Every structure is written in structure tokens, then in C-alpha cells.
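These notes are about the structure you will find just below.
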Amino acid sequence: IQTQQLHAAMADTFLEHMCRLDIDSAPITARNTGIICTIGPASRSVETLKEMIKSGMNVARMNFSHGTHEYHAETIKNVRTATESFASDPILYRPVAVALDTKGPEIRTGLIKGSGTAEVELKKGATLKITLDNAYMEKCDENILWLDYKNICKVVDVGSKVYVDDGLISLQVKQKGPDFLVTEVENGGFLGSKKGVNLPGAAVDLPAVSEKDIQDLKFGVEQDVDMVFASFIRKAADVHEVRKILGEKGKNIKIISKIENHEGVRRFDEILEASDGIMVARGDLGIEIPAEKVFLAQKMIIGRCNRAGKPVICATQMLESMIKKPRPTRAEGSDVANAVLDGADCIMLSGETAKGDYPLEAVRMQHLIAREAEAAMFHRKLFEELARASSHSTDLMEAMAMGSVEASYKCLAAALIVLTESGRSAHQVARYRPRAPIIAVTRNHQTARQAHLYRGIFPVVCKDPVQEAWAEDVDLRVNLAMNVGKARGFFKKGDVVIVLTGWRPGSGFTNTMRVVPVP
Amino acid sequence: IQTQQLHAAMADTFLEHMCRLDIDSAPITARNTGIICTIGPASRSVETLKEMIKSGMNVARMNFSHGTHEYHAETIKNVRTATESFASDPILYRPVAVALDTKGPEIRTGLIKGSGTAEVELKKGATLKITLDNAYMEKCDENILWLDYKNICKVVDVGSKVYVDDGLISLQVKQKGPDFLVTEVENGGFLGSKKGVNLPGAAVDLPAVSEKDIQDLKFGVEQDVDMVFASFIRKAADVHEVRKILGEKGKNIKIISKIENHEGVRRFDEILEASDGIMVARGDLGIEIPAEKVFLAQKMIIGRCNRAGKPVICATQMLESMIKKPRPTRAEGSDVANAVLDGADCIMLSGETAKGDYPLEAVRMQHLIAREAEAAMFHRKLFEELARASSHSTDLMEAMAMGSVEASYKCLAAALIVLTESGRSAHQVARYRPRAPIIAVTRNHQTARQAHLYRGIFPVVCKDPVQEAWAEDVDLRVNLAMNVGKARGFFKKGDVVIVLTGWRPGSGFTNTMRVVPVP
Amino acid sequence: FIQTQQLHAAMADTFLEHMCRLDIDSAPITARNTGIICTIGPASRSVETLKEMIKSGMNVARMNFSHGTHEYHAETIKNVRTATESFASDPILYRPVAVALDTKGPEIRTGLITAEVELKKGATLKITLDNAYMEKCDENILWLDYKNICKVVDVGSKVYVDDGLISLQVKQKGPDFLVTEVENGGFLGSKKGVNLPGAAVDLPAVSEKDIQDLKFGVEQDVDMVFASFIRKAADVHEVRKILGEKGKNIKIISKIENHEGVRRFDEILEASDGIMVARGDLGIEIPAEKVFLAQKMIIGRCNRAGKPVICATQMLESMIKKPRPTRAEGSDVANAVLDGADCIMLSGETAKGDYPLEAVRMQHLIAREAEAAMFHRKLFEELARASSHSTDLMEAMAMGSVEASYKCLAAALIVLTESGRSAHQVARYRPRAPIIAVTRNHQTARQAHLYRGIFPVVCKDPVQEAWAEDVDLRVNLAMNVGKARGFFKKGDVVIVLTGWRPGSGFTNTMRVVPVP
Ligand SMILES: [K+]
Ligand SMILES: [K+]
Ligand SMILES: [K+]
Ligand SMILES: [K+]
Ligand SMILES: [K+]
Ligand SMILES: [K+]
Ligand SMILES: [Mg+2]
Ligand SMILES: [Mg+2]
Ligand SMILES: [Mg+2]
């Protein structure tokens with residue numbers, strides 16, 4: 001039985017490829033899809049973060065919808081402590097990236113009257129007044145609900161829908177006036193304190209970057225984070241604002257725009273152009289637009305990001321049930337698998353790792369599934385179609401990448417080794433979706449941390465001093481990658497690898513491609 | 001904005017098709033994917049069943065893992081009372097099929113402390129003894145557990161793993177005995193009464209069709225059920241055994257083989273050949289094989305069923321969170337959509353409708369997602385590859401079906417109308433995956449109920465007597481489909497449909513095809 | 001602006017769309033990839049005419065040993081080499097010219113009647129092996145010299161006489177005679193050729209004369225042999241045997257000439273260095289309306305294998321007497337290039353016709369246009385698919401380099417190679433851009449003409465002590481040749497394939513390099 005779904009890889013049609021998928025075809029050791037974990041009370045201790053890393057976490061997400069700067073600074077400190085506890089062994093060290101996820105223009109309710117834990121039942125057909133009068137800030141109940149969007153009355157009409165608490169409760173505006181709204185409960189439920197509110201179809205006029213966001217973004221620069229997940233990006237100008245706040249000192253932090261509302265989907269092309277990457281933020285997105293349509297936005301967005309070679313993250317509720325249970329549902333395993341087959345560069349966990357009872361088991365399950373799905377891609381067709389979509393470009397690095405991926409397919413190379421300081425060369429290899437892992441050797445630590453955004457890039461930090469001669473400095477970094485591949489079981493002596501280097505120190509990209517036996 | 005993802009439909013590559021999927025592109029009214037609902041305490045009343053049918057239920061599944069004949073007989077009676085409550089308006093009446101899901105070779109534990117509702121806690125590392133001594137079948141506790149697989153000692157070895165309660169708890173055998181097994185708790189949890197046991201990698205020698213199964217199958221014949229879902233089918237001879245029990249009296253009942261263990265996957269080709277259809281039974285499957293591999297067998301099974309033209313059902317945990325919540329997770333939305341995109345003829349609900357708090361909402365959600373996903377198929381490529389896979393066959397009805405589908409693509413027909421008594425001609429059209437609905441007019445009531453197994457066949461029962469002139473009997477039945485299509489909003493006057501009919505009374509299949517404007 | 005090189009058609013999605021986009025106003029590139037093989041004879045064998053042949057595009061000089069003495073052919077070869085080396089003054093413009101020997105091959109011939117006799121349809125005719133009649137052939141009795149004929153023909157079989165003019169049907173079989181009913185009549189002369197359509201002829205692979213002529217080719221240091229009438233792998237093995245140790249590097253091109261050769265093609269191809277579709281004799285053996293089937297089948301399977309394939313015979317036939325070809329002949333050349341032929345050939349057009357240089361020049365012009373009109377992206381995909389069972393390392397370099405050449409529209413692929421193997425593997429994957437193969441082996445350079453797209457460049461410089469210097473020197477030589485011939489100019493991009501170390505064994509290093 002061929003490994004790595006290689007029988008299916010030889011099919012002539014998508015249907016035949018599907019019919020050849022084999023549960024007894026073992027996947028390879030390397031996992032190409034990056035795993036992003038939201039750190040929270042369930043996973044922010046150093047002891048647990050170490051296990052998070054060993055289980056496969058590549059990026060730690062800090063969710064600034066909650067928490068003080070002091071709280072997040074401590075979480076970040078613990079991540080770095082956990083990560084550096086492994087720098088003893090340079091060959092086995094895994095870099096770990098740090099992401100800041102902005103609050104953005106959120107609408108929330110106030111506190112339920114009584115003591116903190118209270119909940120009121122919103123009954124179907126009952127009426128409920130929404131007020132903006134701060135007098136009710138802390139005495140919400142089933143008759144009057146306060147929220148913090150002072151302009152809501154300007155952007156909703158009679159008939160508008162208001163969704164509350166992750167979309168579980170839906171209200172219809174029956175009467176307006178300024179300072180308040182009268183609504184009817186359509187879908188009831190129990191309501192607690194400080195729940196999120198969505199206004200689908202309304203034109204919310206809160207700023208993309210608020211005063212709080214600016215402070216959090218400045219805090220992110222001071223904490224040396226690697227990337228920002230920008231909430232509720234609606235237009236390119238929103239992205240430009242975030243980049244301005246990060247300014248000169250933060251110019252190398254990647255901006256990932258979260259698509260989570262209708263306008264974001266409508267203006268997707270211009271948002272992608274302006275961004276370093278994209279997150280399919282399915283939670284809000286499935287409230288803002290009909291839930292049955294999210295898969296359409298997900299597949300469209302992943303495809304266009306693959307087309308452009310920009311990282312795309314699939315997020316939210318992938319293993320939701322594992323917040324309470326140690327194994328996922330069948331829908332959840334299928335969801336992770338299909339995000340990988342869709343082409344997602346990374347997959348994400350939120351409550352599963354932030355507050356769940358089984359954060360490690362959830363990480364491990366994403367690792368297992370991603371590997372199975374990675375072998376099940378139809379690489380030959382994917383490569384042809386990606387080459388087609390980019391054939392207007394004659395860029396020399398793209399040519400080097402395509403020739404290298406094509407060579408790697410032909411001789412079934414165990415890996416592609418790429419020497420890069422900005423990461424650009426390795427990003428262009430990943431964009432053409434080789435089957436084998438890309439071992440990217442860099443002396444630039446930020447480049448290594450940010451490489452987890454790209455499917456298949458296994459970053460390796462070189463800490464050796466620069467050698468006197470270029471040939472020796474190149475050979476030094478190539479053999480580091482050989483030793484890393486061996487130690488992790490990506491390949492053994494006598495396997496074949498593709499090696500991409502610069503001919504001279506002044507080559508501006510990896511213009512040299514070799515097919516090399518592993519020593 | 002073209003409707004029905006028709007812009008994506010005009011794409012040259014899969015990637016381009018993905019990039020063109022548009023959440024603002026309206027799907028058509030008709031939903032092609034059948035919906036199978038498990039009936040239970042939450043869905044068993046006549047009044048609830050009427051809403052189930054209005055929400056989109058096409059097949060009622062009776063799960064014979066539980067309940068007496070008297071109980072299921074009453075359920076079937078209610079389903080038919082509900083169904084026939086709509087016969088007053090023949091143009092809108094919808095056939096509902098009844099399916100019998102066998103218990104099969106299940107393994108179950110006994111009663112905790114004599115109680116159906118009691119639970120004990122199994123802690124990791126504790127000892128736990130499995131006995132077969134019937135003295136303990138109602139005296140399970142945290143020290144001693146009874147189960148009903150008499151030969152379990154024969155088929156398991158020291159070291160073998162044992163899974164309990166939908167695989168949530170795991171034990172490892174440490175010592176064997178004549179009628180007991182001493183084990184250690186590996187994955188702990190709370191253990192209730194009469195829970196399922198799985199023995200992955202064990203030569204379980206239970207009959208495929210037990211003495212209880214034989215009773216249930218003959219009860220199914222008496223109750224005039226339309227189909228049998230056979231549990232744990234391992235090989236073609238298992239199907240033959242089921243077909244034998246159903247006998248001559250039950251020869252027209254479709255046998256759907258449920259694939260839910262490793263052997264069923266390995267022997268799938270012989271099982272498909274012997275079965276009328278297949279169910280991907282993902283619950284047990286993801287316990288019998290590694291859960292991260294289930295998507296592989298799902299896609300392989302659906303593809304091979306599509307190839308053969310035989311109905312395939314995707315089942316289990318598709319909308320699992322809706323047992324307790326009024327809207328699904330994002331993984332559940334994605335799971336349903338991807339099953340439809342894989343090619344599943346039917347999707348199923350189990351706990352969501354048998355016992356959940358939101359059975360109607362679950363059915364409506366499957367309906368909405370299916371419609372969206374059916375338009376998002378890549379019909380032109382699917383047709384080419386289906387045709388390629390079956391090109392060794394020169395069957396005349398396949399020729400008519402492929403020509404009719406091709407014609408329906410070319411002129412964007414609103415429907416295909418197919419006159420059939422056995423269903424065969426309509427099934428051959430369904431197999432080549434038209435975009436438009438297939439209105440199958442038949443005078444055989446059972447053929448109409450069984451048509452729900454096939455993607456896109458909307459059955460219509462003609463109750464008029466056979467006209468003495470063949471041409472007029474054909475016209476009467478085609479005009480019936482015209483009126484039903486108009487009343488249901490599948491098309492309007494001036495739309496175009498493909499019409500498949502027999503040239504003479506003795507034609508054995510629809511050898512005549514016309515393009516016809518709707519009057 | 002109109003894209004050159006049929007690059008608009010190149011971007012098409014389907015073959016039909018590619019066809020609909022071919023553009024008479026889209027100019028081809030300067031470099032011509034399809035080799036031209038010219039038969040040298042009385043019309044073309046003076047040194048001064050051979051100089052013009054080379055200038056006009058000839059890559060391979062074919063000597064047809066169906067006629068002429070060793071002395072005659074030795075002088076022709078000498079004239080070819082005298083003409084070739086007259087350009088060796090300038091190493092940047094020197095073109096290698098290869099020498100090919102085409103064997104007479106085994107034959108079946110009739111006896112004597114210069115008398116002529118008319119056979120009439122429906123008449124009876126007896127074929128005898130009795131030497132009594134060897135010089136007494138007439139209306140009723142015909143002698144021929146193939147003494148095993150009765151072993152290989154059946155009742156109902158056909159016997160063709162004089163390049164297919166006469167056809168007979170076997171009605172009765174004797175132990176040493178055949179009675180036949182003349183189907184196609186005509187006038188029958190003396191010592192005429194006989195063909196046995198569909199027969200498994202047991203004639204030797206090489207005749208006595210062929211053995212003498214092959215040994216002569218080894219003494220003359222020819223680059224390749226065109227072996228007539230190859231019917232099975234054992235025929236090719238026999239030719240390699242006669243070439244012996246001194247000629248073990250001479251390439252053997254098998255000529256497919258009859259039914260058995262087509263039917264056993266796979267085994268012949270495995271055993272041969274290359275293939276010639278010998279359409280003249282082929283169309284006498286099989287029905288003329290089926291030759292294109294065999295031609296396309298053979299070119300396809302040779303392409304699949306990466307072995308050279310030549311399209312031969314009557315391509316520009318009318319130019320024997322006329323200074324311009326017919327439209328059927330223009331089409332025929334273009335379609336052979338589109339089919340995938342590595343080389344196209346001229347026989348009488350250059351050996352004896354009135355317009356030998358005109359024919360060479362027309363083949364050159366047609367090939368450049370047809371080379372641009374191939375559907376490279378599809379061809380590459382289909383060649384990749386057919387060879388995907390192989391994981392060979394040099395194919396992977398070839399495929400990645402050709403792929404890189406498509407993506408960045410490289411002006412050329414530069415390959416350093418001593419055996420040529422690395423360049424052959426690049427040619428096999430059909431880049432659009434020319435392949436400049438720099439070699440210090442003069443025979444590799446002459447033999448490279450058999451492969452589509454390889455422009456051989458002979459390096460005459462001593463080996464530099466430092467490997468990096470030796471590689472630079474040879475890459476620069478190719479840079480200089482490319483600029484002088486107008487294949488590229490400063491600022492263009494080329495793919496360069498080299499060995500990492502002297503012992504690398506193949507070109508395991510690929511670079512994208514700007515033209516300096
Ligand atoms: K956030
Ligand atoms: K780089
Ligand atoms: K069951
Ligand atoms: K029928
Ligand atoms: K000859
Ligand atoms: K070589
Ligand atoms: Mg959000
Ligand atoms: Mg089951
Ligand atoms: Mg001949």
C-alpha cells in the first residue's frame with residue numbers, strides 16, 4: 001500500500017482521485033498546516049504552554065477583546081518562557097509566533113441586575129426595550145437591556161434584526177425613536193452579562209481602529225509581536241489605518257485581516273491587496289450572513305488567497321465540542337480536514353485552548369487531521385491550476401519556485417531546503433504547494449516566527465556566526481537543515497532533497513536550485 | 001449577479017470555480033439532497049411529524065437499537081397519518097419513506113446499580129473487571145462491568161483496547177479468564193447504563209443478522225417499509241443474508257449497507273456490488289478506525305457510489321450541537337455542505353431529531369445548507385468525470401440519461417421530467433448529476449417513496465387510470481409534472497424542460513427525449 | 001502590439017482555442033529547433049555547394065548507400081568535412097555538421113525478361129524459384145531471388161512488384177513456386193523490387209553489402225547509421241554487432257519500413273538509439289492512406305521515450321523540378337514538426353534535384369513557424385504524465401528547468417555536458433527556447449542534432465584547473481554564441497544547467513541567469 005495517498009495522486013480525474021483515497025495509506029511525519037492556539041486561563045501557565053508546543057502549536061493568539069495589558073504581558077512572557085525552555089537543543093528548537101487579535105468595533109450588553117452570575121430568560125414573542133441610558137448599564141434584565149453602541153438608533157430601522165450572545169438570541173425592532181428601541185424576541189434564550197451584539201445588514205459606524213485598539217496596537221509593538229489579527233476589516237482603508245498605527249517601528253509586523261461581515265466579503269479583493277494575510281473569521285461571519293452561506297465565503301476566500309500566495313487562516317469552532325469532551329464530533333473532524341483540502345495555510349483554535357477542559361487533546365487532534373488531509377490533496381491538479389492563475393507573471397523567483405516544486409514532484413523529494421533572510425523565496429515555494437516540507441533556514445528570528453503563516457514552511461533558526469566565504473556559509477546552513485530533517489525523521493541518508501540557495505551573497509533571491517542526496 | 005453559482009459554473013479550473021463562489025448568488029427553490037430523520041420521543045407525535053414534513057423530511061428512520069415492535073409500529077403509524085394528512089391537495093402532497101435501521105451485532109454494557117439512569121466515575125489508572133456472569137448484568141459499578149458479548153474472551157488478547165460509550169472511555173485488558181477480563185482504565189469518564197462497546201482490531205464473531213435482527217426484518221416486511229439500513233455490514237455475504245431474510249415478500253425493499261468498521265471499508269467494493277445503497281455510518285466508523293481518517297473513507301465511499309450510480313447517505317453528528325442549541329456550529333455547517341459537495345445523495349439526522357430540543361430547526365438547517373451546496377457543485381467537471389468513469393458501458397438508458405443531462409446543461413432547463421414505474425430511468429438520470437430537479441412521475445407508490453434515496457428526484461404519484469391510447473397516457477403524466485412543477489415553483493410558463501418518455505407501452509426504458517416549453 | 005512566437009495561442013485553455021488563436025502576424029524567433037537532414041549527392045556534393053547548404057541550415061549530411069561506390073561516398077564525406085571546417089576559423093559561429101550512413105538493406109528482386117512484358121488483370125502468373133528461369137522471365141513465369149518466399153506467404157497473400165506498381169494474389173502454393181492472379185497489371189521490367197505486405201520476411205538484418213558498408217562507415221568515423229528495413233529488436237542488435245568496439249558510440253537509427261516493423265515497434269524502439277519513419281517504403285508496404293497513422297503513432301511513442309525520431313521522404317518532392325513547393329508539401333513539413341519530429345529529412349530534393357538550397361531554406365522557414373505553433377503547456381503536461389512512473393533525478397532537473405523556462409520566458413537553456421545526456425533529457429521535455437549544449441566532445445556535438453532544440457557548441461579551450469572557472473568559461477562561451485546568433489541579448493534571462501562538481505555525473509545545478 002503506497003504511503004501518503006500516492007496511488008490517489010496518480011489519478012486522471014478528481015473523481016478517480018477521491019475513489020482512491022485509502023485509510024491504510026500512512027501519512028508522512030511532517031505536518032504542513034500551521035496551528036494557531038488562543039491562549040487563556042486553560043493554557044497560559046508555563047507548564048501547559050510547554051505541552052502546547054510539544055503537541056504542535058505554532059502561533060499563540062492573544063485575544064484583546066478581554067484582558068488588561070498586564071494580563072497579556074504575563075501570558076506573552078509565559079509563551080516565550082515555554083518556547084525558550086527548548087533552545088537548549090538548537091536542532092530541535094521550534095520557534096513560536098505571537099499574534100495580537102484586536103477587539104475592533106464590538107457591541108456588547110451591560111451587566112444583568114443582581115450579583116454577577118445572574119441570567120434572565122428572553123421569551124419568544126415577549127418584548128424587550130434596548131436603551132442607551134448609562135443609568136441601566138448594570139441593571140439589565142428581561143425588560144430593559146443596555147448596550148454600549150450609542151449610535152445604534154441611527155443605523156437600524158423598524159424590522160431590523162438584532163442578534164445577541166453569539167447569535168443565539170434574535171430580536172426584531174418594532175418601534176424606534178432616539179435613545180431607545182422596542183424589540184420583540186423572535187428566538188429566545190437565557191441572557192447573561194456583557195454579551196456580544198450583531199446588527200446584520202446595518203451599516204455600523206464605529207471606527208475600524210478605536211482609541212482602545214490604538215493603545216493595544218502600540219502595546220503590541222512594544223511587546224515585539226509577530227502579527228496582528230485585525231477584527232472586522234471592511235475595506236482596504238481599514239487595513240491602511242492599522243498599518244499607520246503600527247508605524248515605522250512596527251512596519252515588519254504582518255497584518256492579517258479578519259473577514260467577518262458582508263461588506264468584508266464584498267470588498268474582499270481590495271482588502272487582500274492591502275493585507276499580508278487573511279483570516280476567515282467564521283464566528284461573526286456566520287451571524288452577519290446566513291450561516292448556510294459561510295462555506296461559500298470560506299472557499300472563495302481561501303482560493304483567492306492561494307491564488308495570490310498570501311496566507312489564509314480558517315478560524316472558529318473547528319473542534320468546538322472538545323471544550324467539554326476529549327474527542328471531537330464527526331462534523332468537527334470533517335471540518336478540519338476540508339479546511340486543509342480547501343487550501344488553508346493555518347487552522348485555529350479559540351475556546352478549545354483558551355478555556356476548554358482539553359486544550360492539549362484539541363491541539364493534537366488538529367495535528368493528526370491536518371497530516372491526513374495534506375496527503376489527500378490532489379497536488380498535480382492544484383499545481384497546474386495555480387500555475388494557470390499566475391501565468392501573467394514572469395517573476396524570476398516564481399519561476400525558481402515552480403521549477404523546484406515540479407522537480408520535487410518528479411523525484412518524490414523528501415523536502416525542499418530554502419535559505420532566506422526575509423523569507424520571500426520560501427513563501428514563493430509554499431505558494432505552489434509542494435507535497436514535501438519546506439525547511440527554511442534563516443538567521444532572522446522574526447522571519448522564522450512569521451513563516452508559520454505559510455503552508456509547509458518549517459522554519460529553522462541559524463545561530464552560527466557568518467562564515468568568511470559565501471560557499472561555506474551556504475553549506476553550513478544547508479547542512480543545518482539536513483541535520484534538522486534527520487532528527488525529526490523527515491528523511492534519512494540516501495533520500496533526495498531539493499535545495500534552493502543564492503549563487504552569491506548579492507543574489508536577491510534563491511536563484512540556484514539543486515537536487516541533492518541526503519548525506 | 002447570476003443565480004445558482006452559474007458564474008462559478010463557467011470556470012475553466014477547480015480553483016477558478018472556488019474563487020467565483022458568491023454568497024450573493026441565489027440558489028434555486030428545489031433542494032435535490034434527501035433528508036433522513038431519525039424519529040424518537042422528540043419527533044414522534046403526529047403534530048410534530050407534520051411539521052417535520054413541512055420542514056423537509058423525506059425519510060423517517062426507525063432505529064431498532066431500541067424500542068419494542070409495538071413502539072415502532074405506533075411510530076410508523078404516526079408517520080403515515082402525518083404524511084397522508086396532506087393527500088387532500090394532490091399537487092402539493094409529498095411521499096415520505098419509512099426506513100428500518102437494524103440493531104446488528106452490537107455490544108452493550110449492563111445496568112449501573114440496577115438503574116437505567118445511574119452513573120459511576122471511572123478514574124484514569126483504576127482497575128475495572130469485565131464479567132459475562134449474568135448475575136452482574138444489573139449490578140455494574142466502578143469496580144465491575146458486565147457486557148453482553150458472550151465470546152469476548154475468545155476474540156481479545158492481553159493488551160487489547162476496549163472502548164465504551166461512543167468511544168469516550170477506554171480500557172486496556174491486563175488479564176483474561178474463562179468469563180471475565182481484568183482491565184485498566186486508560187481514558188476515564190462517567191459511565192452510564194447499557195452503553196455501546198467497540199473492540200477495534202478484533203475478530204468479532206457476532207452474526208451480521210442475529211435472531212433479533214431476523215425478527216425485526218420480518219416485522220419490517222409486515223409493516224411495508226421502503227428500505228433497510230443494515231448495521232455493521234462487513235462483507236457481501238452479510239448483504240446476501242439480509243436479502244435472504246427479506247425473502248420474496250420483501251424483494252422490492254432496498255438494502256442500504258452501513259459501513260462502520262475497518263473490514264467494511266476494506267471490502268467496500270464487494271459490499272457495494274451486493275447492496276442497493278450505502279450509508280457512511282461515521283459514529284461507529286470513527287471509533288473503529290482513527291477519527292482523523294474518517295473523511296478519507298467518506299470521500300472514497302461517496303465517490304465510488306457516485307461512480308456506480310448507487311445511493312449513498314452521509315450520517316451521524318452532522319448537526320450534533322443542535323441537540324441542545326437552536327443553531328449549529330460553523331464546523332457543522334461546513335460538514336453538511338461538504339457532504340453535499342462530495343456527492344452524497346442524502347444526509348441524515350439522528351439525535352438531532354430523535355431526542356433533541358430543536359428537531360424542526362435541525363431539519364430546516366439541513367434543507368438550507370443543501371440548497372446552497374448543490375448550486376456550488378462544479379457540474380461540468382463532475383459530468384465529464386462521471387462519464388469517463390463509466391465509459392466502458394454502452395447501456396442504452398445511460399446514453400439517454402447522459403444526453404438528457406447534457407441537453408439540460410446546454411439550454412439551462414428548469415427540470416427534467418421522467419416517466420417511470422420502477423424508477424430505473426429516473427435513477428440513471430440522477431446518476432449523471434443534472435443541476436435541475438428530476439420530476440419522476442410514477443403510478444407505483446413504493447417507487448415514489450424509494451426515489452428519495454437518489455439525488456434530485458422529486459417523486460410524483462399519478463393516481464389517474466391508464467389511458468387506453470399510449471400517447472394520451474404519456475401526455476396526462478407529463479402534464480401532471482408540469483402542474484406540480486408550477487405549483488411548487490420549480491418553473492413557470494415559457495421555461496424549458498427535458499422530458500424523458502417511452503415511445504411505446506412495451507419500451508423497457510425512456511428511449512424518447514424532448515425539449516419542451518412549460519405551458 | 002501582437003505577441004511574437006504564437007504566445008497568445010500559447011495561453012489558450014483548449015486545443016481548439018489554441019488553434020483559433022494561431023496568427024500569421026505573430027513573428028517566430030530566430031532559432032530553429034528541428035534538425036534538417038540533407039541527402040548529399042550529385043546535385044549537392046561540391047565543396048562550394050556544401051558551404052551554402054550549411055549556411056542555409058543543413059545539420060546532418062546523409063549518404064545513401066543504395067547507390068555509389070565507397071570511393072564515391074568517401075569523396076562526398078571529405079567534401080562535407082572540408083566545407084564544415086571552412087567555418088572553424090571562428091569558434092563563435094562554427095556549426096557542427098554530422099555525417100550519417102543510410103544502408104541499402106536486404107532486398108528481393110526479380111530476374112530478367114532491357115525487355116518489358118505486360119501483365120493484365122485477372123491473368124495467371126507463376127512465381128518460381130527455379131534458377132533455370134532466372135534470366136527467362138516472361139508473361140507466364142517470374143523468377144525472384146528470395147528462396148524462402150513460400151515459408152512466409154499464404155494463399156490469399158499479396159506480392160507487390162516494382163515499388164507497388166504490380167500486385168499479385170497467391171492462389172496456389174507449391175513447395176518452390178506460387179501461382180498468382182495479377183490484380184494490378186502493368187508493364188514488368190527486369191530486376192525489379194518485390195514487397196510482401198504483411199509478411200514476416202526472414203531476410204537477414206544486414207546483407208553482405210551492408211556489412212561492408214557499415215565497416216566502411218566505422219572507418220569513415222560517421223556519427224550515425226540509418227538501418228534499413230528493421231523488423232525486430234534482433235535486427236538492431238545485429239547492426240550494433242557489426243559496428244563493433246570501434247563504432248560503439250555510433251548511434252543506430254532504425255528505419256520503420258513495413259508492417260512487421262510497425263507492429264513490433266515497441267521492441268525496436270527500446271533497442272534503438274532513434275527511429276526514422278521511412279514513409280516511401282512504408283507507403284509501398286502498407287496502404288498509402290494509413291501512413292499518417294504510423295507516422296503519428298511512432299512520433300508520439302518516440303517523444304514519450306525521449307528518443308530521436310526523423311520524418312523522411314517526399315516532404316518537398318516537387319522542388320526536385322520546381323523552385324517552390326506545393327501547398328501540400330508546406331503543410332506536410334509543418335505537421336511533422338507539430339507531430340513532434342526531432343528532425344526532418346530531404347532525399348532527392350537535395351541529392352539530385354535542381355533546387356537543393358531552395359529546399360533546405362524552405363524547411364528552415366516552415367519549421368520555425370511550426371515550432372512556435374506547438375501547444376507547449378499541454379505537450380509538457382502530457383509528457384510529464386506519460387513518464388511519471390520514472391523518478392529519475394536528471395528528468396526531475398530537466399522538468400524543473402523546462403518549467404522554469406516557461407514561467408519566466410527564458411531566451412534559452414544552457415547545458416554543459418560531455419555525453420550529451422543532460423541536454424537530451426531537457427530536449428525530451430520540449431522547451432520553447434533553444435538549448436545551447438556546450439561540450440568538449442566533438443562527437444556529442446555532431447550527434448546532438450538528432451534532438452529537437454539542441455544547438456551544439458564545441459568548446460576548444462583547455463580545462464581550467466579550478467572547476468568554477470571551467471564552468472564560467474563554458475557558460476560564457478554559450479552566452480557569446482547566443483548573442484552572436486541573435487538568440488538573446490544583454491538583459492534577457494537564461495536557464496543554466498551545470499554539474500556541482502567535476503564528478504556530479506549529470507547537471508544537478510540549475511540557475512536563472514541574466515544575459516551579461
Ligand atoms: K478579538
Ligand atoms: K529570499
Ligand atoms: K441501529
Ligand atoms: K423505467
Ligand atoms: K538506403
Ligand atoms: K551530462
Ligand atoms: Mg469575531
Ligand atoms: Mg453505528
Ligand atoms: Mg526499403
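Numbering of ligands and ligand atoms starts at 1, following listing order. All heavy atoms count here, side chains included; hydrogens, waters and symmetry mates do not. Each chain gets a letter, A, B and so on, in the order its sequence line appears, and its residues count up from 1.
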Checklist outcome for this item: Closest to the Mg ion (ligand 7), among the N/O/S atoms of A:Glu260, is atom OE1

Item to check | Salt-bridge criterion met for A:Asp166 and B:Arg327 (N-O under 4.0 Å) | outcome: no

Checklist entry - Can you tell me if A:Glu106 has an N, O or S atom under 3.4 Å away from the K ion (ligand 1)? => result no

Next on the checklist: Nearest 10°: the angle subtended at the K ion (ligand 1) by A:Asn63 OD1 and A:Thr102 O?
Outcome noted: 130°

Checklist entry - Parallel, tilted or perpendicular for C:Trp500 and A:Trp503, by the 30°/60° rule? => result perpendicular

Next on the checklist: Any N/O/S atom from A:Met397 (main chain or side chain) under 3.4 Å of the K ion (ligand 2)?
Outcome noted: no

Checklist entry - Below 4.0 angstrom, N of the basic side chain to O of the carboxylate: do A:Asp269 and A:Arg304 qualify? => result yes

Checklist entry - Okay, side chain of C:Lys407, backbone of A:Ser393: is any donor-acceptor separation there less than 3.5 Å? => result yes

Checklist entry - Going through the checks in order, is the side chain to side chain donor-acceptor pair (under 3.5 Å) test met by A:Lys195 and A:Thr109? => result CA-CA 5 Å; A:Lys195 301 308 179 175; A:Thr109 72; over 6 Å; no

Checklist entry - the K ion (ligand 1) is nearest to which N, O or S atom of A:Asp101? => result OD1

Checklist outcome for this item: To the nearest 0.5 Å, atom CZ of A:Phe268 lies from atom OG of A:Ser257 at 9.0 Å

Item to check | Atom name of the N, O or S atom in A:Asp284 that lies nearest to the Mg ion (ligand 7) | outcome: OD2

Checklist entry - Any N/O/S atom of A:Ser425 sitting less than 3.4 Å from the K ion (ligand 2), backbone or side chain? => result yes

